[PDB]
>>> print(open('structure16.pdb').read())   # PDB, C-alpha atoms
ATOM      1  CA  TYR V   1       0.000   0.000   0.000  1.00  0.00           C
ATOM      2  CA  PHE V   2       1.382   3.470   0.994  1.00  0.00           C
ATOM      3  CA  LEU V   3       4.088   1.591   3.063  1.00  0.00           C
ATOM      4  CA  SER V   4       5.551   0.461  -0.326  1.00  0.00           C
ATOM      5  CA  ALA V   5       5.942   4.280  -1.203  1.00  0.00           C
ATOM      6  CA  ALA V   6       7.664   4.727   2.236  1.00  0.00           C
ATOM      7  CA  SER V   7       9.757   1.578   1.296  1.00  0.00           C
ATOM      8  CA  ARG V   8      10.771   3.587  -1.879  1.00  0.00           C
ATOM      9  CA  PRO V   9      11.794   6.486   0.471  1.00  0.00           C
ATOM     10  CA  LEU V  10      13.811   3.967   2.664  1.00  0.00           C
ATOM     11  CA  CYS V  11      15.321   2.382  -0.521  1.00  0.00           C
ATOM     12  CA  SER V  12      16.457   5.962  -1.536  1.00  0.00           C
ATOM     13  CA  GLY V  13      18.596   5.882   1.683  1.00  0.00           C
ATOM     14  CA  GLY V  14      19.635   2.331   0.567  1.00  0.00           C
ATOM     15  CA  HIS V  15      20.463   3.953  -2.881  1.00  0.00           C
ATOM     16  CA  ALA V  16      22.523   6.538  -0.871  1.00  0.00           C
ATOM     17  CA  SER V  17      24.376   3.411   0.549  1.00  0.00           C
ATOM     18  CA  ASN V  18      24.722   2.264  -3.155  1.00  0.00           C
ATOM     19  CA  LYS V  19      26.366   5.744  -3.761  1.00  0.00           C
ATOM     20  CA  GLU V  20      28.925   4.670  -1.050  1.00  0.00           C
ATOM     21  CA  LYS V  21      29.138   1.221  -2.853  1.00  0.00           C
ATOM     22  CA  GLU V  22      29.791   3.133  -6.205  1.00  0.00           C
ATOM     23  CA  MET V  23      32.710   5.034  -4.507  1.00  0.00           C
ATOM     24  CA  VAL V  24      34.930   1.831  -4.203  1.00  0.00           C
ATOM     25  CA  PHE V  25      32.531  -5.927  -7.189  1.00  0.00           C
ATOM     26  CA  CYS V  26      29.753  -3.367  -6.566  1.00  0.00           C
ATOM     27  CA  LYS V  27      29.546  -2.558 -10.365  1.00  0.00           C
ATOM     28  CA  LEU V  28      27.311  -5.665 -11.016  1.00  0.00           C
ATOM     29  CA  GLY V  29      25.130  -4.450  -8.039  1.00  0.00           C
ATOM     30  CA  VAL V  30      24.462  -1.191 -10.085  1.00  0.00           C
ATOM     31  CA  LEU V  31      23.451  -3.486 -13.066  1.00  0.00           C
ATOM     32  CA  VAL V  32      20.959  -5.189 -10.648  1.00  0.00           C
ATOM     33  CA  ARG V  33      19.842  -1.638  -9.502  1.00  0.00           C
ATOM     34  CA  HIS V  34      18.947  -0.879 -13.156  1.00  0.00           C
ATOM     35  CA  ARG V  35      16.846  -4.070 -13.788  1.00  0.00           C
ATOM     36  CA  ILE V  36      15.054  -3.608 -10.397  1.00  0.00           C
ATOM     37  CA  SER V  37      14.312   0.117 -11.046  1.00  0.00           C
ATOM     38  CA  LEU V  38      13.039  -0.840 -14.587  1.00  0.00           C
ATOM     39  CA  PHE V  39      10.411  -3.129 -12.964  1.00  0.00           C
ATOM     40  CA  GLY V  40       9.799  -0.385 -10.294  1.00  0.00           C
ATOM     41  CA  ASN V  41       9.251   2.138 -13.203  1.00  0.00           C
ATOM     42  CA  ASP V  42       6.698  -0.361 -14.714  1.00  0.00           C
ATOM     43  CA  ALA V  43       5.220  -0.490 -11.104  1.00  0.00           C
ATOM     44  CA  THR V  44       4.572   3.354 -11.013  1.00  0.00           C
ATOM     45  CA  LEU V  45       4.120  13.207  -4.351  1.00  0.00           C
ATOM     46  CA  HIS V  46       6.985  15.346  -2.850  1.00  0.00           C
ATOM     47  CA  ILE V  47       8.709  12.286  -1.107  1.00  0.00           C
ATOM     48  CA  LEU V  48       8.945  10.526  -4.562  1.00  0.00           C
ATOM     49  CA  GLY V  49      10.626  13.762  -5.964  1.00  0.00           C
ATOM     50  CA  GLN V  50      12.899  13.676  -2.814  1.00  0.00           C
ATOM     51  CA  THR V  51      13.713  10.004  -3.794  1.00  0.00           C
ATOM     52  CA  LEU V  52      14.760  11.483  -7.217  1.00  0.00           C
ATOM     53  CA  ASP V  53      16.756  14.128  -5.182  1.00  0.00           C
ATOM     54  CA  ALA V  54      18.298  11.120  -3.278  1.00  0.00           C
ATOM     55  CA  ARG V  55      18.823   9.556  -6.764  1.00  0.00           C
ATOM     56  CA  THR V  56      20.487  12.985  -7.712  1.00  0.00           C
ATOM     57  CA  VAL V  57      23.006  12.290  -4.840  1.00  0.00           C
ATOM     58  CA  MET V  58      23.359   8.735  -6.335  1.00  0.00           C
ATOM     59  CA  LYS V  59      23.883  10.464  -9.805  1.00  0.00           C
ATOM     60  CA  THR V  60      26.588  12.722  -8.150  1.00  0.00           C
ATOM     61  CA  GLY V  61      28.573   9.604  -7.021  1.00  0.00           C
ATOM     62  CA  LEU V  62      27.934   7.915 -10.452  1.00  0.00           C
ATOM     63  CA  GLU V  63      29.349  11.073 -12.279  1.00  0.00           C
ATOM     64  CA  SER V  64      32.801  10.332 -10.633  1.00  0.00           C
ATOM     65  CA  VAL V  65      33.361   7.037 -12.684  1.00  0.00           C
ATOM     66  CA  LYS V  66      31.627   8.174 -16.002  1.00  0.00           C
ATOM     67  CA  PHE V  67      33.214   0.586 -14.255  1.00  0.00           C
ATOM     68  CA  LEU V  68      32.108   1.048 -17.954  1.00  0.00           C
ATOM     69  CA  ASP V  69      29.565  -1.903 -17.663  1.00  0.00           C
ATOM     70  CA  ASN V  70      27.955  -0.075 -14.636  1.00  0.00           C
ATOM     71  CA  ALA V  71      27.730   3.198 -16.738  1.00  0.00           C
ATOM     72  CA  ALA V  72      26.270   1.120 -19.679  1.00  0.00           C
ATOM     73  CA  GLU V  73      23.751  -0.390 -17.210  1.00  0.00           C
ATOM     74  CA  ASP V  74      23.182   3.256 -15.919  1.00  0.00           C
ATOM     75  CA  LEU V  75      21.550   3.834 -19.370  1.00  0.00           C
ATOM     76  CA  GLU V  76      19.062   1.050 -18.440  1.00  0.00           C
ATOM     77  CA  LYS V  77      18.699   2.933 -15.091  1.00  0.00           C
ATOM     78  CA  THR V  78      18.241   6.260 -17.045  1.00  0.00           C
ATOM     79  CA  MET V  79      15.618   4.519 -19.301  1.00  0.00           C
ATOM     80  CA  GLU V  80      13.970   3.453 -15.988  1.00  0.00           C
ATOM     81  CA  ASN V  81      14.052   7.168 -14.911  1.00  0.00           C
ATOM     82  CA  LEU V  82      12.443   7.862 -18.350  1.00  0.00           C
ATOM     83  CA  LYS V  83       9.582   5.397 -17.591  1.00  0.00           C
ATOM     84  CA  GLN V  84       9.542   6.903 -14.005  1.00  0.00           C
ATOM     85  CA  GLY V  85       9.087  10.294 -15.813  1.00  0.00           C
ATOM     86  CA  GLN V  86       6.361   8.446 -17.877  1.00  0.00           C
ATOM     87  CA  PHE V  87       4.715   7.425 -14.529  1.00  0.00           C
ATOM     88  CA  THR V  88       3.377  11.064 -14.151  1.00  0.00           C
ATOM     89  CA  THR V  89       9.765  21.845  -6.684  1.00  0.00           C
ATOM     90  CA  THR V  90      12.927  23.916  -7.488  1.00  0.00           C
ATOM     91  CA  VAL V  91      15.255  21.121  -6.045  1.00  0.00           C
ATOM     92  CA  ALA V  92      14.646  18.921  -9.181  1.00  0.00           C
ATOM     93  CA  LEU V  93      16.019  21.772 -11.499  1.00  0.00           C
ATOM     94  CA  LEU V  94      19.136  21.854  -9.159  1.00  0.00           C
ATOM     95  CA  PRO V  95      19.588  18.133 -10.080  1.00  0.00           C
ATOM     96  CA  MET V  96      19.519  19.276 -13.823  1.00  0.00           C
ATOM     97  CA  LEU V  97      22.448  21.706 -13.092  1.00  0.00           C
ATOM     98  CA  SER V  98      24.531  18.696 -11.658  1.00  0.00           C
ATOM     99  CA  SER V  99      23.686  16.306 -14.580  1.00  0.00           C
ATOM    100  CA  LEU V 100      24.332  18.924 -17.396  1.00  0.00           C
ATOM    101  CA  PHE V 101      27.710  20.144 -15.919  1.00  0.00           C
ATOM    102  CA  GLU V 102      28.781  16.431 -15.543  1.00  0.00           C
ATOM    103  CA  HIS V 103      27.944  16.020 -19.354  1.00  0.00           C
ATOM    104  CA  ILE V 104      30.702  18.631 -20.076  1.00  0.00           C
ATOM    105  CA  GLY V 105      33.167  16.429 -18.012  1.00  0.00           C
ATOM    106  CA  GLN V 106      31.701  13.405 -19.941  1.00  0.00           C
ATOM    107  CA  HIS V 107      33.099  14.994 -23.225  1.00  0.00           C
ATOM    108  CA  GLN V 108      36.591  13.718 -22.154  1.00  0.00           C
ATOM    109  CA  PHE V 109      35.154  10.120 -22.202  1.00  0.00           C
ATOM    110  CA  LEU V 110      33.010   6.431 -23.413  1.00  0.00           C
ATOM    111  CA  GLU V 111      29.815   5.409 -25.327  1.00  0.00           C
ATOM    112  CA  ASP V 112      28.127   4.515 -21.956  1.00  0.00           C
ATOM    113  CA  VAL V 113      28.018   8.284 -20.985  1.00  0.00           C
ATOM    114  CA  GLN V 114      26.373   8.925 -24.450  1.00  0.00           C
ATOM    115  CA  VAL V 115      23.974   5.913 -23.788  1.00  0.00           C
ATOM    116  CA  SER V 116      22.985   7.511 -20.395  1.00  0.00           C
ATOM    117  CA  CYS V 117      22.105  10.776 -22.298  1.00  0.00           C
ATOM    118  CA  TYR V 118      20.262   8.758 -25.078  1.00  0.00           C
ATOM    119  CA  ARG V 119      17.968   7.236 -22.386  1.00  0.00           C
ATOM    120  CA  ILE V 120      17.714  10.645 -20.593  1.00  0.00           C
ATOM    121  CA  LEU V 121      16.467  11.932 -24.047  1.00  0.00           C
ATOM    122  CA  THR V 122      13.457   9.583 -23.438  1.00  0.00           C
ATOM    123  CA  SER V 123      13.142  11.308 -19.975  1.00  0.00           C
ATOM    124  CA  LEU V 124      12.780  14.629 -21.893  1.00  0.00           C
ATOM    125  CA  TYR V 125      10.258  12.781 -24.156  1.00  0.00           C
ATOM    126  CA  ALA V 126       8.344  11.646 -21.009  1.00  0.00           C
ATOM    127  CA  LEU V 127       8.608  15.122 -19.307  1.00  0.00           C
ATOM    128  CA  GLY V 128       6.935  16.506 -22.514  1.00  0.00           C
ATOM    129  CA  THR V 129       4.129  13.853 -21.923  1.00  0.00           C
ATOM    130  CA  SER V 130       3.812  15.148 -18.300  1.00  0.00           C
ATOM    131  CA  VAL V 131      15.542  26.182 -15.021  1.00  0.00           C
ATOM    132  CA  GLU V 132      16.087  27.333 -18.690  1.00  0.00           C
ATOM    133  CA  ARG V 133      19.896  27.690 -17.985  1.00  0.00           C
ATOM    134  CA  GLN V 134      20.085  23.837 -17.539  1.00  0.00           C
ATOM    135  CA  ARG V 135      18.816  23.504 -21.231  1.00  0.00           C
ATOM    136  CA  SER V 136      21.551  26.069 -22.222  1.00  0.00           C
ATOM    137  CA  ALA V 137      24.049  23.832 -20.257  1.00  0.00           C
ATOM    138  CA  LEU V 138      22.417  20.891 -22.179  1.00  0.00           C
ATOM    139  CA  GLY V 139      23.127  22.963 -25.359  1.00  0.00           C
ATOM    140  CA  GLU V 140      26.846  22.790 -24.213  1.00  0.00           C
ATOM    141  CA  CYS V 141      26.465  18.947 -24.537  1.00  0.00           C
ATOM    142  CA  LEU V 142      25.441  19.604 -28.245  1.00  0.00           C
ATOM    143  CA  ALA V 143      28.911  21.232 -28.883  1.00  0.00           C
ATOM    144  CA  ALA V 144      30.426  18.366 -26.793  1.00  0.00           C
ATOM    145  CA  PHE V 145      28.794  15.713 -29.116  1.00  0.00           C
ATOM    146  CA  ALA V 146      28.657  17.151 -32.669  1.00  0.00           C
ATOM    147  CA  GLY V 147      32.324  18.480 -32.704  1.00  0.00           C
ATOM    148  CA  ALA V 148      34.060  15.030 -32.913  1.00  0.00           C
ATOM    149  CA  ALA V 149      29.410   6.910 -32.936  1.00  0.00           C
ATOM    150  CA  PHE V 150      28.839  10.720 -32.970  1.00  0.00           C
ATOM    151  CA  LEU V 151      25.099  10.499 -33.944  1.00  0.00           C
ATOM    152  CA  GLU V 152      24.059   8.825 -30.523  1.00  0.00           C
ATOM    153  CA  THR V 153      24.552  11.967 -28.325  1.00  0.00           C
ATOM    154  CA  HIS V 154      23.572  14.246 -31.366  1.00  0.00           C
ATOM    155  CA  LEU V 155      19.986  12.706 -31.289  1.00  0.00           C
ATOM    156  CA  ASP V 156      20.051  13.336 -27.513  1.00  0.00           C
ATOM    157  CA  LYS V 157      21.046  16.997 -28.276  1.00  0.00           C
ATOM    158  CA  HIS V 158      17.830  17.280 -30.414  1.00  0.00           C
ATOM    159  CA  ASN V 159      15.736  16.281 -27.314  1.00  0.00           C
ATOM    160  CA  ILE V 160      18.041  18.501 -25.100  1.00  0.00           C
ATOM    161  CA  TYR V 161      17.087  21.558 -27.244  1.00  0.00           C
ATOM    162  CA  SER V 162      13.444  21.218 -25.891  1.00  0.00           C
TER
END
>>> encode(input="structure16.pdb", output="structure tokens")
Amino acid sequence: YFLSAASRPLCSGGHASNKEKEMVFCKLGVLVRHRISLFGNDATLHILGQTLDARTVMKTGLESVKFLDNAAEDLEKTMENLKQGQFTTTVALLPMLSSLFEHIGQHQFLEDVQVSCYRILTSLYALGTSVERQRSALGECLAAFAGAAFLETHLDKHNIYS
């Protein structure tokens, strides 16, 4: 019932423990976190946005290693955040300033960081089915993708222009 939504709030603190597990064997545990969140996105209001703010702290620890199989499975976790955006205040736009500035550091990397933005392009497709400086910082990811396999993050730059 509503205890399962409180179990999602308690699992966001368990995802904050997975942020400590992503600091260090635990890379296959992030691949299990993607398949379990994909079924939890098929399973699905301010505590759920705070669980996405606790997932923004989990995205801050995941931006440090952007191994490569965990970042490729993070695309399956970002496609789960797209279906979690297909399930439906100013702290969620602060999470967009941490994920767009980490895309400029992701320009040094390899295809798994572009796969995480290709599935986050479906999160922009699901937010359209449902703060402007983060889209201008997402327009910096357009110069990071189209300057140099190059069409994967370029299609994500078309959904980042919205």
>>> atom_distance(input="structure16.pdb", atom1="CA of residue 59 (chain V)", atom2="CA of residue 6 (chain V)")
21.0 Å
>>> residues_near_point(input="structure16.pdb", point="(14.1, 7.6, -26.4)", cutoff="10 Å", atoms="all atoms listed in the file", output="mmCIF file with C-alpha atoms, in the frame of the given file")
data_model
loop_
_atom_site.group_PDB
_atom_site.id
_atom_site.type_symbol
_atom_site.label_atom_id
_atom_site.label_comp_id
_atom_site.auth_asym_id
_atom_site.auth_seq_id
_atom_site.Cartn_x
_atom_site.Cartn_y
_atom_site.Cartn_z
ATOM 1 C CA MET V 79 15.618 4.519 -19.301
ATOM 2 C CA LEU V 82 12.443 7.862 -18.350
ATOM 3 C CA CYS V 117 22.105 10.776 -22.298
ATOM 4 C CA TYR V 118 20.262 8.758 -25.078
ATOM 5 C CA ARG V 119 17.968 7.236 -22.386
ATOM 6 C CA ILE V 120 17.714 10.645 -20.593
ATOM 7 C CA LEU V 121 16.467 11.932 -24.047
ATOM 8 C CA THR V 122 13.457 9.583 -23.438
ATOM 9 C CA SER V 123 13.142 11.308 -19.975
ATOM 10 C CA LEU V 124 12.780 14.629 -21.893
ATOM 11 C CA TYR V 125 10.258 12.781 -24.156
ATOM 12 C CA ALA V 126 8.344 11.646 -21.009
ATOM 13 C CA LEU V 155 19.986 12.706 -31.289
ATOM 14 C CA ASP V 156 20.051 13.336 -27.513
ATOM 15 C CA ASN V 159 15.736 16.281 -27.314
#
>>> residues_near_point(input="structure16.pdb", point="(11.4, 13.7, 2.1)", cutoff="12 Å", atoms="only C-alpha atoms", output="list in words")
residues 5, 6, 8, 9, 10, 12, 13, 45, 46, 47, 48, 49, 50, 51, 52, 53, 54 and 91 of chain V
>>> write_last_selection(input="structure16.pdb", atoms="C-alpha atoms", output="PDB file, in the frame of the given file")
ATOM      1  CA  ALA V   5       5.942   4.280  -1.203  1.00  0.00           C
ATOM      2  CA  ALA V   6       7.664   4.727   2.236  1.00  0.00           C
ATOM      3  CA  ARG V   8      10.771   3.587  -1.879  1.00  0.00           C
ATOM      4  CA  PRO V   9      11.794   6.486   0.471  1.00  0.00           C
ATOM      5  CA  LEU V  10      13.811   3.967   2.664  1.00  0.00           C
ATOM      6  CA  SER V  12      16.457   5.962  -1.536  1.00  0.00           C
ATOM      7  CA  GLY V  13      18.596   5.882   1.683  1.00  0.00           C
ATOM      8  CA  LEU V  45       4.120  13.207  -4.351  1.00  0.00           C
ATOM      9  CA  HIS V  46       6.985  15.346  -2.850  1.00  0.00           C
ATOM     10  CA  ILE V  47       8.709  12.286  -1.107  1.00  0.00           C
ATOM     11  CA  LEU V  48       8.945  10.526  -4.562  1.00  0.00           C
ATOM     12  CA  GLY V  49      10.626  13.762  -5.964  1.00  0.00           C
ATOM     13  CA  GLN V  50      12.899  13.676  -2.814  1.00  0.00           C
ATOM     14  CA  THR V  51      13.713  10.004  -3.794  1.00  0.00           C
ATOM     15  CA  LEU V  52      14.760  11.483  -7.217  1.00  0.00           C
ATOM     16  CA  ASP V  53      16.756  14.128  -5.182  1.00  0.00           C
ATOM     17  CA  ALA V  54      18.298  11.120  -3.278  1.00  0.00           C
ATOM     18  CA  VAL V  91      15.255  21.121  -6.045  1.00  0.00           C
TER      19      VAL V  91
END
>>> resolve_selection(input="structure16.pdb", expression="the PyMOL selection byres ((chain V and resi 23) around 9)", output="list in words")
residues 18, 19, 20, 21, 22, 24, 61, 62, 64 and 65 of chain V
>>> closest_residue(input="structure16.pdb", among="V:128, V:105, V:29, V:14", to="residue 145 (chain V)", atoms="only C-alpha atoms")
V:105
>>> atom_distance(input="structure16.pdb", atom1="CA of residue 27 (chain V)", atom2="CA of residue 74 (chain V)")
10.3 Å
>>> closest_residue(input="structure16.pdb", among="V:133, V:107, V:44, V:127", to="residue 147 (chain V)", atoms="only C-alpha atoms")
V:107
>>> residues_around(input="structure16.pdb", residues="residue 94 (chain V)", least_positions_apart="5", cutoff="10 Å", atoms="all atoms listed in the file", output="ChimeraX atom specification")
/V:53,56,89,99,131,134
>>> closest_residue(input="structure16.pdb", among="V:70, V:81, V:129, V:60", to="residue 98 (chain V)", atoms="all atoms listed in the file")
V:60
>>> closest_residue(input="structure16.pdb", among="V:7, V:86, V:153, V:41", to="residue 116 (chain V)", atoms="all atoms listed in the file")
V:153
>>> atom_distance(input="structure16.pdb", atom1="CA of residue 106 (chain V)", atom2="CA of residue 71 (chain V)")
11.4 Å
>>> decode(input="structure16.pdb", residues="region 52-80 of chain V", atoms="N, CA and C atoms", output="PDB file, in the first residue's frame")
ATOM      1  N   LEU V  52      14.006  11.065  -6.004  1.00  0.00           N
ATOM      2  CA  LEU V  52      14.760  11.483  -7.217  1.00  0.00           C
ATOM      3  C   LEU V  52      15.889  12.464  -6.809  1.00  0.00           C
ATOM      4  N   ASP V  53      15.680  13.263  -5.749  1.00  0.00           N
ATOM      5  CA  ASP V  53      16.756  14.128  -5.182  1.00  0.00           C
ATOM      6  C   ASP V  53      17.811  13.236  -4.446  1.00  0.00           C
ATOM      7  N   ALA V  54      17.356  12.126  -3.843  1.00  0.00           N
ATOM      8  CA  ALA V  54      18.298  11.120  -3.278  1.00  0.00           C
ATOM      9  C   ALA V  54      18.967  10.293  -4.420  1.00  0.00           C
ATOM     10  N   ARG V  55      18.236  10.140  -5.536  1.00  0.00           N
ATOM     11  CA  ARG V  55      18.823   9.556  -6.764  1.00  0.00           C
ATOM     12  C   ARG V  55      19.755  10.607  -7.455  1.00  0.00           C
ATOM     13  N   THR V  56      19.561  11.916  -7.201  1.00  0.00           N
ATOM     14  CA  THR V  56      20.487  12.985  -7.712  1.00  0.00           C
ATOM     15  C   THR V  56      21.823  12.929  -6.933  1.00  0.00           C
ATOM     16  N   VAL V  57      21.767  12.545  -5.640  1.00  0.00           N
ATOM     17  CA  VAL V  57      23.006  12.290  -4.840  1.00  0.00           C
ATOM     18  C   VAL V  57      23.690  10.980  -5.323  1.00  0.00           C
ATOM     19  N   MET V  58      22.853   9.997  -5.719  1.00  0.00           N
ATOM     20  CA  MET V  58      23.359   8.735  -6.335  1.00  0.00           C
ATOM     21  C   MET V  58      23.941   9.023  -7.755  1.00  0.00           C
ATOM     22  N   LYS V  59      23.358  10.009  -8.473  1.00  0.00           N
ATOM     23  CA  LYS V  59      23.883  10.464  -9.805  1.00  0.00           C
ATOM     24  C   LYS V  59      25.177  11.299  -9.622  1.00  0.00           C
ATOM     25  N   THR V  60      25.352  11.932  -8.442  1.00  0.00           N
ATOM     26  CA  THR V  60      26.588  12.722  -8.150  1.00  0.00           C
ATOM     27  C   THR V  60      27.797  11.762  -7.921  1.00  0.00           C
ATOM     28  N   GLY V  61      27.531  10.635  -7.238  1.00  0.00           N
ATOM     29  CA  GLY V  61      28.573   9.604  -7.021  1.00  0.00           C
ATOM     30  C   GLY V  61      28.835   8.777  -8.326  1.00  0.00           C
ATOM     31  N   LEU V  62      27.797   8.637  -9.159  1.00  0.00           N
ATOM     32  CA  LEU V  62      27.934   7.915 -10.452  1.00  0.00           C
ATOM     33  C   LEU V  62      28.631   8.815 -11.518  1.00  0.00           C
ATOM     34  N   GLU V  63      28.640  10.154 -11.321  1.00  0.00           N
ATOM     35  CA  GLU V  63      29.349  11.073 -12.279  1.00  0.00           C
ATOM     36  C   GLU V  63      30.898  11.025 -12.071  1.00  0.00           C
ATOM     37  N   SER V  64      31.337  10.527 -10.886  1.00  0.00           N
ATOM     38  CA  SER V  64      32.801  10.332 -10.633  1.00  0.00           C
ATOM     39  C   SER V  64      33.467   9.250 -11.539  1.00  0.00           C
ATOM     40  N   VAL V  65      32.773   8.146 -11.837  1.00  0.00           N
ATOM     41  CA  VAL V  65      33.361   7.037 -12.684  1.00  0.00           C
ATOM     42  C   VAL V  65      32.864   7.051 -14.158  1.00  0.00           C
ATOM     43  N   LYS V  66      32.237   8.154 -14.610  1.00  0.00           N
ATOM     44  CA  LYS V  66      31.627   8.174 -16.002  1.00  0.00           C
ATOM     45  C   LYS V  66      32.662   8.244 -17.153  1.00  0.00           C
ATOM     46  N   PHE V  67      32.364   0.275 -13.108  1.00  0.00           N
ATOM     47  CA  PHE V  67      33.214   0.586 -14.255  1.00  0.00           C
ATOM     48  C   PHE V  67      32.376   0.995 -15.494  1.00  0.00           C
ATOM     49  N   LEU V  68      32.848   0.672 -16.708  1.00  0.00           N
ATOM     50  CA  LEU V  68      32.108   1.048 -17.954  1.00  0.00           C
ATOM     51  C   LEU V  68      30.830   0.196 -18.145  1.00  0.00           C
ATOM     52  N   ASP V  69      30.807  -1.044 -17.622  1.00  0.00           N
ATOM     53  CA  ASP V  69      29.565  -1.903 -17.663  1.00  0.00           C
ATOM     54  C   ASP V  69      28.471  -1.357 -16.717  1.00  0.00           C
ATOM     55  N   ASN V  70      28.899  -0.741 -15.592  1.00  0.00           N
ATOM     56  CA  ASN V  70      27.955  -0.075 -14.636  1.00  0.00           C
ATOM     57  C   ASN V  70      27.363   1.218 -15.271  1.00  0.00           C
ATOM     58  N   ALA V  71      28.186   1.968 -16.030  1.00  0.00           N
ATOM     59  CA  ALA V  71      27.730   3.198 -16.738  1.00  0.00           C
ATOM     60  C   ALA V  71      26.859   2.795 -17.953  1.00  0.00           C
ATOM     61  N   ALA V  72      27.137   1.638 -18.577  1.00  0.00           N
ATOM     62  CA  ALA V  72      26.270   1.120 -19.679  1.00  0.00           C
ATOM     63  C   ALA V  72      24.936   0.595 -19.104  1.00  0.00           C
ATOM     64  N   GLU V  73      24.990   0.028 -17.893  1.00  0.00           N
ATOM     65  CA  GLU V  73      23.751  -0.390 -17.210  1.00  0.00           C
ATOM     66  C   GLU V  73      23.036   0.857 -16.595  1.00  0.00           C
ATOM     67  N   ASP V  74      23.780   1.964 -16.380  1.00  0.00           N
ATOM     68  CA  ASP V  74      23.182   3.256 -15.919  1.00  0.00           C
ATOM     69  C   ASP V  74      22.279   3.859 -17.014  1.00  0.00           C
ATOM     70  N   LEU V  75      22.513   3.514 -18.290  1.00  0.00           N
ATOM     71  CA  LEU V  75      21.550   3.834 -19.370  1.00  0.00           C
ATOM     72  C   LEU V  75      20.217   3.092 -19.206  1.00  0.00           C
ATOM     73  N   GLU V  76      20.300   1.824 -18.763  1.00  0.00           N
ATOM     74  CA  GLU V  76      19.062   1.050 -18.440  1.00  0.00           C
ATOM     75  C   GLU V  76      18.401   1.635 -17.165  1.00  0.00           C
ATOM     76  N   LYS V  77      19.228   2.206 -16.270  1.00  0.00           N
ATOM     77  CA  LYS V  77      18.699   2.933 -15.091  1.00  0.00           C
ATOM     78  C   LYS V  77      18.143   4.330 -15.512  1.00  0.00           C
ATOM     79  N   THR V  78      18.751   4.965 -16.523  1.00  0.00           N
ATOM     80  CA  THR V  78      18.241   6.260 -17.045  1.00  0.00           C
ATOM     81  C   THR V  78      16.977   6.044 -17.897  1.00  0.00           C
ATOM     82  N   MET V  79      16.874   4.887 -18.577  1.00  0.00           N
ATOM     83  CA  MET V  79      15.618   4.519 -19.301  1.00  0.00           C
ATOM     84  C   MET V  79      14.515   4.157 -18.280  1.00  0.00           C
ATOM     85  N   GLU V  80      14.917   3.652 -17.105  1.00  0.00           N
ATOM     86  CA  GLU V  80      13.970   3.453 -15.988  1.00  0.00           C
ATOM     87  C   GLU V  80      13.519   4.802 -15.395  1.00  0.00           C
TER      88      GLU V  80
END
